[PDB]
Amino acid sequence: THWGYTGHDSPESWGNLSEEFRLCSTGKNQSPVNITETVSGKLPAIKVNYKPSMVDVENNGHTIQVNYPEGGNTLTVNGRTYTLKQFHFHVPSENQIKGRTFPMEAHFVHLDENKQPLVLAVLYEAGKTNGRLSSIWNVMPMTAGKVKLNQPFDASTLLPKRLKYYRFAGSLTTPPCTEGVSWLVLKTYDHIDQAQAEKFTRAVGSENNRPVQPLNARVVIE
C-alpha cells in the first residue's frame, strides 16, 4: 500500500494505512531516535569485511539504494557475522545527535545467519563533495527504476577507520516498521556537499526522514 513522507500519507498516519503497518503507530521500540542521554559502556568492536561487488542502484520511490545480489560484504560484531544486503540514504537524517539533524544519513542493512537484522548508520556533515559516493550519484535513477553499475563498487570507502558507535535496539523507519533491529550509529561523520543532497531529494521526490520516536524503556550505549 502507498506511503510517503508528505500528503495525507505521512509518517504520523502510517499505522492506519493497513492492519499490517500497525506497529508504526503502536510499537514502543521504534526508530529513528534523538540520542540525548546515554550510558558509557564497553561495546564490542566492529570489524568491517566490506570489499568491491557488482551492485545495482535502485530508486524504489522512497530512497536511493544499492543492492548487493551476493553476500560478499560482512560485518562481525561480538562474534556474530552479518551480511550486507543493501545500503540506502535519508535526506535529511532520521537519527539525531542532541537535537542536531544532519543533512544526510546512510543505512547499511544486514542479516546474520539467524536472519536477525542489524543497521549500521553513517551520518554526513555538510562539507566538500563526497568523492566516494560520486560513482553512485552519477547513475542515480531520477525516477523509480534500477540500473546495474558497470564498474565494481567498494563500500569500504563509505565507512571510516574510527568505528565507535551508539547502540540501541529499534525498528525499520519505513512501513511495516518491524521491531527487533539492532542499531549501530557511528560517531565519526562523513561529509556531503549541497548539490549531492539536493540531487538526491530531486531524485526521490521528497525529504525522506521518518520523525524521531520516543526511547520509552530503551537505553542508548555510547
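The numbering used is simple: start at 1 and walk along the sequence shown. We call the rigid core whatever largest set of C-alpha positions still superposes within 1.5 Å between the two forms.
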| item | value |
| --- | --- |
| Stretch farther from the shown model on average in 7 other deposited structures of this protein, with CA RMS computed after core superposition (145-153, 85-93) | 145-153 |
| Average Cα temperature factor in the PDB entry - higher stretch of 100-108, 126-134 | 126-134 |
| Higher-B stretch (mean Cα B-factor, as the entry records it), 204-212 or 13-21 | 13-21 |
| C-alpha B-factor winner, where the candidates are 86, 74, 78, 93 | 78 |
| CA B-factor placement of residue 46, once the chain's modelled residues are sorted into thirds | middle |
| For residue 141, the third of its chain into which the C-alpha B factor falls | middle |
| Residue 179 CA temperature factor, ranked by third within the chain | lowest |
| Residue 65 - which third its CA temperature factor falls in, relative to the rest of the chain | middle |
| Chain thirds of CA B-factor: placement of residue 54 | middle |
